[PDB]
Amino acid sequence: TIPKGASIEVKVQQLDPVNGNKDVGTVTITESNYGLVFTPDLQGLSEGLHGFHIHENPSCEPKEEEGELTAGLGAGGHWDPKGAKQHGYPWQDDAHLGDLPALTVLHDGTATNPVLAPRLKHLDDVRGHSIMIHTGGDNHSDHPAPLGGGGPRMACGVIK
Amino acid sequence: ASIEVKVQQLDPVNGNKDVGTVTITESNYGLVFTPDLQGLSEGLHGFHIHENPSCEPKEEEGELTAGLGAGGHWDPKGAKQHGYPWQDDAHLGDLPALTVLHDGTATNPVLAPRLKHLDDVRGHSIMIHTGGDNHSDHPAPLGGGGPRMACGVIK
Ligand SMILES: [Cu+2]
Ligand SMILES: [Cu+]
Ligand SMILES: [Cu+]
Ligand SMILES: [Zn+2]
Ligand SMILES: [Zn+2]
């Protein structure tokens, strides 16, 4: 059911530039007294922890990258309006504002565990951007791998 | 400043086994619980702070229930209701669920936004349940975490 209070229901697509994207559920965004809450209702995804971030552009389209059609590159990089210029924790002030807690996909491929982004206070702020779910996880650092080790873009949705 | 909590998988019979630690630190948005666990069953697990600084099993109805010595959910404000970590009228001990990967390890940190001071959690215990946590007493009271799987005392 639509949650109580203002909310944004984002459609999420498993990305595959060649075989076509596949709708795998939604991520509903609400406003708690401690920041925005992202509640997933996804299915058919790879088990494990997955990097979860807000990206700059309101697009999930693929883009040619060095001769390879790469999924979700149209979304741009991690949303960093405050110019932290480094990937970090959801509770770290000098980290990309788009850095959310990692998403958990169970063994059965489903994801329903909500996560909080304490630095995001208003719904309107995330409108006009995209939400990304990566193949890899997120250690909330640019070391030993850039952007938390998220790597490829596995699923994506545009926040209207 | 930090608190390193030693965690053990509970088993009142053969004994408990050290499964790692959970380190508690302060952030500008609340206490962060960073696990470094291993040897646990994969999946999402209920994660809460319980009232007593004990992980001892307690005999109940002819049975020796594990981790019962820790008491119920830490609830200093008397919310008398289980809920979300960002829910003000829920137990203050209600933390975000913990993720154990397929390989049995847990290293993903979680934030408890309503907990602002490190000292406030001292003298209690942290519990990891067999089941998950739907952050409500409905349909199952206390989130449906079921049995107490692992536990550590917060010093
Ligand atoms: Cu698995
Ligand atoms: Cu991302
Ligand atoms: Cu518990
Ligand atoms: Zn980032
Ligand atoms: Zn509770």
Side-chain angles (χ1 to χ4, degrees), chain A residues 1-3 5-32 35-63 69-80 87 90 96-117 120 122-138 140 147-160, chain B residues 43-44 84 96-97 99 101 108 132 134-135:
Chain A
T1 153
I2 297 178
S7 71
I8 300 178
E9 178 176 294
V10 186
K11 295 188 180 183
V12 177
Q13 334 281 167
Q14 152 187 288
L15 306 179
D16 189 323
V18 178
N19 298 106
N21 302 331
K22 173 187 177 185
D23 187 302
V24 292
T26 60
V27 165
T28 300
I29 311 176
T30 51
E31 305 178 301
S32 77
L36 300 190
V37 174
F38 297 72
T39 305
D41 184 7
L42 309 165
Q43 44 181 187
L45 299 177
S46 303
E47 80 167 340
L49 279 162
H50 296 280
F52 187 46
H53 336 105
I54 300 295
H55 282 239
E56 36 186 22
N57 310 316
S59 173
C60 287
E61 297 180 1
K63 283 192 165 190
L69 185 57
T70 308
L73 296 192
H78 291 196
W79 187 44
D80 183 36
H87 183 70
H96 304 139
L97 187 58
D99 295 344
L100 315 175
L103 174 77
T104 300
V105 175
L106 297 182
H107 193 69
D108 67 0
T110 66
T112 61
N113 182 231
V115 296
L116 170 76
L120 295 177
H122 310 86
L123 281 180
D124 292 355
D125 291 359
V126 295
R127 295 176 186 287
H129 302 291
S130 53
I131 190 159
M132 198 72 70
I133 302 174
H134 294 262
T135 294
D138 193 342
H140 301 292
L147 308 168
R153 302 172 184 197
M154 184 180 267
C156 177
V158 176
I159 309 178
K160 310 292 187 179
Chain B
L44 272 176
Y84 289 87
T99 301
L101 302 181
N108 182 235
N134 84 324
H135 293 109

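Side-chain atoms are counted along with the backbone in the values below, which use heavy atoms only and exclude waters and symmetry mates. Throughout, protein chains are lettered first and strands after them, A, B, ... in sequence-line order, and every chain is numbered starting at 1.
Taking the side chain as every heavy atom from C-beta outward, A:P62 and A:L15 never approach each other to under 4.5 Å. Here the side chains of A:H140 and A:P90 are in contact, with some heavy-atom distance below 4.5 Å. By the 4.5 Å heavy-atom criterion applied to side chains, A:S32 and B:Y84 are not counted as neighbours. Looking only at side-chain heavy atoms (C-beta outward), A:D99 and A:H87 come within less than 4.5 Å of each other. With a 4.5 Å cut-off on side-chain heavy atoms, A:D16 and A:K22 do not count as touching. Using a 4.5 Å heavy-atom threshold, the side chains of A:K63 and A:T70 count as separate. Residues A:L120 and A:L97 are in side-chain contact: their nearest non-hydrogen atoms beyond the backbone lie under 4.5 Å apart. Under the 4.5 Å side-chain criterion, counting only non-hydrogen atoms from C-beta, A:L100 is in contact with A:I131.
When the side-chain hydrogen bond (donor to acceptor under 3.5 Å, both in side chains) test is applied to A:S130, no partner is found at least two apart in sequence or on another chain.
A:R153 CZ to A:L73 CG: the interatomic distance, rounded to the nearest 0.5 Å, is 5.0 Å. For the atom pair CG (A:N113) and CG (A:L106), the distance works out to 8.5 Å, reported to the nearest 0.5 Å. The distance from atom CD of A:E47 to atom NE2 of A:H107, rounded to the nearest 0.5 Å, is 5.5 Å. The CD atom of A:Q13 lies 5.0 Å from the CG atom of A:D23; values are rounded to the nearest 0.5 Å. Atom CG of B:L44 is separated from atom OG1 of A:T104 by 5.0 Å, given to the nearest 0.5 angstrom. Distance check, rounded to the nearest 0.5 Å: NE2 of A:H122 to CG of A:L36 gives 9.0 Å.
The two residues A:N57 and A:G74 have their closest heavy-atom pair at ND2-O, 3.2 Å. Nearest heavy-atom pair, A:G157 versus A:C60, reported as atom, atom and distance to 0.1 Å: N-SG, 3.1 Å. Closest approach of A:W79 to A:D125, counting heavy atoms only: CH2-O, 3.5 Å.
At distances below 3.5 Å, not a single donor-acceptor pair connects side-chain atoms of A:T26 with backbone N or O atoms of A:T28. Judged by distance alone, with hydrogens and angles left aside, the side-chain atoms of A:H50 form no donor-acceptor pair with the main-chain N or O of A:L103 at under 3.5 Å. Put simply, the side chain of A:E31 gets close to the backbone of A:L123: a donor and an acceptor are under 3.5 Å apart. Between the side chain of A:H129 and the backbone N or O of A:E56, at least one donor-acceptor pair lies under 3.5 Å.
Under the 30°/60° scheme for interplanar angles, the aromatic rings of A:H78 and A:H134 are found to be tilted.
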Extract all donor-acceptor atom pairs below 3.5 Å that involve side chains of residues 37-46 of chain A and protein atoms in other chains or at least two apart in sequence.
none

